[PDB]
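Q: what shape does this take:
(chains A and B, ligands or ions: 4)
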Number of protein chains: 2
Amino acid sequence: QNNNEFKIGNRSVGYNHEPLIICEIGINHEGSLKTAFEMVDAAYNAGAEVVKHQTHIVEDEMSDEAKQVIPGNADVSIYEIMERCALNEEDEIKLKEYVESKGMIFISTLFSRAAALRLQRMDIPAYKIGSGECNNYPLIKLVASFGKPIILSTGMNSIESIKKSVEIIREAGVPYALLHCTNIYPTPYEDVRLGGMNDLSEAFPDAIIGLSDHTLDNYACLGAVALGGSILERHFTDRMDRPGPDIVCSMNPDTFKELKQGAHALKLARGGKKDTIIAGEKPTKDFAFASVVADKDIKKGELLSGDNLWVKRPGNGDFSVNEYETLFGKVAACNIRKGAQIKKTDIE
Amino acid sequence: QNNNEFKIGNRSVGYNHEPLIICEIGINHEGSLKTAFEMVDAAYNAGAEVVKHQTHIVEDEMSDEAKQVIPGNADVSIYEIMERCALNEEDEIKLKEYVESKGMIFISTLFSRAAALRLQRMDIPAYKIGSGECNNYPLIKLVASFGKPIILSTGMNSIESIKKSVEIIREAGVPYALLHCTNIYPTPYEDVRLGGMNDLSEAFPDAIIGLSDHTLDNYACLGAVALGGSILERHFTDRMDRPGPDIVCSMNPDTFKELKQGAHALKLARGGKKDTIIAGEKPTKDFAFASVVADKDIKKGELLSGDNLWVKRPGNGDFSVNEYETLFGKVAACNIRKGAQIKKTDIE
Ligand SMILES: CC(=O)N[C@@H]([C@@H](O)[C@H](O)[C@H](O)CO)[C@@H](O)C[C@@H](OP(=O)(O)O)C(=O)O
Ligand SMILES: CC(=O)N[C@@H]([C@@H](O)[C@H](O)[C@H](O)CO)[C@@H](O)C[C@@H](OP(=O)(O)O)C(=O)O
Ligand SMILES: [Mn+2]
Ligand SMILES: [Mn+2]
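A: Numbers count the residues shown, from 1 in each chain, chains lettered A, B, ... in the order given. Ligands and ions are numbered 1, 2, ... in the order given. Please see the structure below:
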């Protein structure tokens, strides 16, 4: 597909690299460090490489209008949800340290200037911009100025809209990924449109391409790997019985382990070319391909024809089935036995 | 992707149709009808739509040379394997009837003229040509003359080689599918090259495209569905403890059920376009997108600027973040409160 790559800390991402699964803890901790650490533990023990947070600072990310508006996956205002779930700066610094103490990478999504600046003080190795902020060009400008790679989700946005964000990122000269995404919690399979990933790669040839997903299972992400995706994001929980608006579409340790295994298999299986010769098929080719044989007894001097020739396994005859018609009209140099392979010496 | 379709009996296959899984019993019955019927039962109970056989007639498909040649997945000659596993005509007619008695479709692969003619007497609704016969042009001509759709596997063959077979099929005027395939039993993930499917569709725009697979699990076939595959073939057994050269790469009832579920999900998720507007995202767009707000108290008569304006959720403000820069240089028509959304009435 392509050779685009960049590093998130010491981890290379790109088509020629192992896909990267981002375990999005997000707001799943419901504002509790005990719960957050239990989820980091679970991620670690499952084999995760990256844990992503959401950095919410209620007053800088929302005006008072947000106290009147309810998201699709809750029955209270988005302001109330964020007031309940948001970690303060001190606590989020502890979370980052904890994630790093487990040898994993910590990144986060910012939803405001104040959050961008907080994350820069913490010096995270890459910045996630959520689909809601994909068209937030002032915020994109700010984050791109930080000098680190950007992972940009592109739900709810057209190629045209995304173009302006990519323009800002390139000007700042940082590498970037684009994740195709659909922001319904949860998302039905029919709304995923994996082909959206192809649209993105075509429009933005220098982007690393992946999928951020909110379906109920791993199928969409697995398809994404097959199509060439390099980054996969699902929300993550230690257990599915947890409360919270995003828990329903979250993976857990077991399903994370499944995705990691599948992603590895599909990283190996994907791409390549039809005409590539595969050495291990040789024993099959040698028995399975056909050679030209006599379909009847043929007397010396008689002409070979489609009437007295046919083809049979295996492939070690002097004449391959590919050469069948070329023997038509040749002259038997000797008597030929029905069922025998036609030999070079059997023809004049 | 495309709108190519044809029917196998009453079952439509093509990109706009549910993918079709072919349960390849092949030689797995080791020549026993009891075992074959146990495998048909298992297929039926698992939810299979199609059971495929292999029609082996040892004397017409192989010359005596085959008694000296061993396949990659056995330690005895291919002749001995086929003598052991081949069902005679009477028995194969019983198998077909049994499959049809369970409401499933019966098809088979021929490896010889005699087998083609046997299958035509049985009037099967579509003919499978295995990868070994993909370059067997005389046999392809014969089968195409029968007037039924052809499913052609293309392992071990280049686009160039396949072209000659497609030419023969088109001349006969029957619809056809091409299955990408790698013929190692089993096949490592790295040798699958799913991109081979794209190569085929590009080269042969009128073909229905699928995958015939010999890996140890469902990952390759799932990837194939994501890429647009319409037909999936794996060998099938009622249980994995059975003896035989192809058992190791076979699916069983449980894994068939998994593939069917995955294929359905990925049929729904695949393709589509990035720019398609998804109604269910609307509640997310309404809270997540930003509007322009005052970043400081602005006195009446003062000029709006990037210094006193910023952006915040939610998206119901008079000015979207998209319009942010257009307010620069406008004149406050009244005092504006820090944190308030900029209203149309706030500017001259
Ligand atoms: C529109 C939005 O901000 N959605 C939140 C989501 O977790 C909400 O905070 C939650 O569902 C509110 O109920 C995340 O899905 C956003 C997420 O990015 P993506 O899902 O757009 O890839 C991120 O990087 O934080
Ligand atoms: C080269 C060949 O004929 N391989 C056999 C296979 O089952 C052998 O009979 C078996 O492995 C011999 O040990 C099948 O895989 C062929 C199979 O087609 P495909 O695997 O090329 O799609 C078919 O349609 O019958
Ligand atoms: Mn998300
Ligand atoms: Mn096969």
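Q: and the nearest residue in space to residue A:292 that is not next to it in sequence, what does it touch?
A: Beyond its immediate neighbours in the sequence, the residue positioned closest to residue A:292 (C-beta to C-beta, 6 or more residues apart in numbering or on different chains) is residue A:319, lying 4.1 Å away. In short, each C-beta sits where N, CA and C put it, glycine included. By C-beta atoms under 8 Å, 6 or more residues apart in numbering or on different chains, the contact set of residue A:319 is A:291, A:292, A:326, A:327, A:341, A:342, A:344.
Q: dump those to a markdown table, plus distance to ligand 2.
A: Compiled in a markdown table, the contacts of residue A:319 are given as follows (distance: C-beta to the nearest ligand atom, whole Å):
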| residue | distance to ligand 2 |
| --- | --- |
| A:291 | 15 |
| A:292 | 19 |
| A:326 | 25 |
| A:327 | 25 |
| A:341 | 19 |
| A:342 | 22 |
| A:344 | 26 |
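Q: most neighbours among those, which one?
A: Each of the contacts of residue A:319 was scored by neighbours using other C-beta atoms under 10 Å in any protein chain shown; the highest score is residue A:292's, at 27 neighbours.
Q: quickly list the domain ranges of chain A.
A: A:5-275, A:276-348 (curated CATH domains).
Q: what's around the nearest residue to residue A:302 once chain neighbours are set aside, how many residues?
A: Taking C-beta to C-beta, 6+ apart as the measure, residue A:302 lies nearest to residue A:332, with 5.1 Å between them; neighbours along the chain are not counted. Counted with other C-beta under 10 Å, residues neighbouring residue A:332 total 19.
Q: residue A:332 pairs with what?
A: residue A:347 (DSSP bridges).
Q: give the contact list for it.
A: With contact set as C-beta under 8 Å, 6+ apart, residue A:332 has these partners: A:298, A:299, A:300, A:301, A:302, A:303, A:304, A:346, A:347, A:348.
Q: out of these, which are buried?
A: Those of those that meet the buried threshold are A:298, A:304, A:346, A:347, by 16 or more other C-beta atoms under 10 Å in any protein chain shown.
Q: for the stretch 151-300 of chain A, what lies in contact range of ligand 2?
A: Remark: the part of the stretch 151-300 of chain A in contact with ligand 2 comprises A:284, A:288, using C-beta under 6 Å from any ligand atom.
Q: need the contacts of residue A:332 in a markdown table (columns: distance to ligand 1).
A: Formatted as a markdown table, the contacts of residue A:332 follow (distance: C-beta to the nearest ligand atom, whole Å):
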| residue | distance to ligand 1 |
| --- | --- |
| A:298 | 72 |
| A:299 | 78 |
| A:300 | 78 |
| A:301 | 79 |
| A:302 | 75 |
| A:303 | 72 |
| A:304 | 68 |
| A:346 | 69 |
| A:347 | 69 |
| A:348 | 74 |
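Q: show me the helices in the stretch 101-250 of chain A, by range?
A: Ranges of helices within the stretch 101-250 of chain A are A:113-122, A:137-144, A:159-172, A:195-203, A:219-226, based on DSSP state H, counting those that start in this stretch.
Q: can you tell me which of those is most buried?
A: Here the criterion is mean neighbour count by mean count of other C-beta atoms under 10 Å in any protein chain shown, and of the helices of the stretch 101-250 of chain A the winner is helix A:219-226, at a mean of 28.
Q: now the angle from it to helix A:195-203?
A: For the pair helix A:219-226 and helix A:195-203, the angle between their directions (axes from the mean of the first three to the mean of the last three C-alpha atoms, to 10 degrees) equals 30 degrees.
Q: just the CA atoms of the helix or strand where residue A:286 lies, as CSV, please.
A: With elements taken from DSSP states H and E, the one containing residue A:286 is helix A:282-288. Below are the C-alpha coordinates for helix A:282-288, written out as CSV (Å, rounded to 0.1, in the frame of the first residue of the first chain):
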residue,chain,number,x,y,z
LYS,A,282,6.0,-26.4,-5.7
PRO,A,283,5.1,-29.9,-4.5
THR,A,284,1.4,-29.2,-5.4
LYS,A,285,2.3,-27.8,-8.8
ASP,A,286,4.4,-30.8,-9.5
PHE,A,287,1.5,-33.3,-8.9
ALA,A,288,-1.5,-31.2,-9.8
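Q: so which bits of that helix are buried?
A: For helix A:282-288, burial by neighbour count (16+ other C-beta under 10 Å) applies to A:283, A:284, A:285, A:286, A:287, A:288.
Q: from what I can see residue A:98 touches residue A:37, true?
A: Yes: counting by C-beta atoms under 8 Å, residue A:98 does reach residue A:37; the two are 5.8 Å apart.
Q: now residue A:72, what's its secondary structure?
A: Secondary structure for residue A:72, judged by DSSP: H, G, I helix; E, B strand; the rest coil, is coil.
Q: which non-adjacent residue is nearest it?
A: For residue A:72, ignoring the flanking residues on the chain, the nearest one in space by C-beta to C-beta, 6+ apart is residue B:283 at 3.6 Å.
Q: now swap in residue A:159 and tell me
A: The shortest distance from residue A:159 to any residue other than its chain neighbours is 4.9 Å, reached at residue A:203 (C-beta to C-beta, 6+ apart).
Q: spit out the contact partners of the closest residue to ligand 2 within chain A.
A: Using C-beta to the nearest ligand atom, residue A:288 is the residue of chain A that sits closest to ligand 2, at 3.8 Å. With contact taken as C-beta under 8 Å, 6+ apart, residue A:288 is in contact with A:313, A:314, A:315, B:130, B:131, B:132, B:133, B:156, B:183.
Q: for those, give me JSON lines that also has neighbour count.
A: Putting these into JSON lines (neighbours: other C-beta atoms under 10 Å in any protein chain shown) gives the following:
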{"residue": "A:313", "neighbour count": "28"}
{"residue": "A:314", "neighbour count": "26"}
{"residue": "A:315", "neighbour count": "19"}
{"residue": "B:130", "neighbour count": "23"}
{"residue": "B:131", "neighbour count": "24"}
{"residue": "B:132", "neighbour count": "24"}
{"residue": "B:133", "neighbour count": "27"}
{"residue": "B:156", "neighbour count": "22"}
{"residue": "B:183", "neighbour count": "25"}
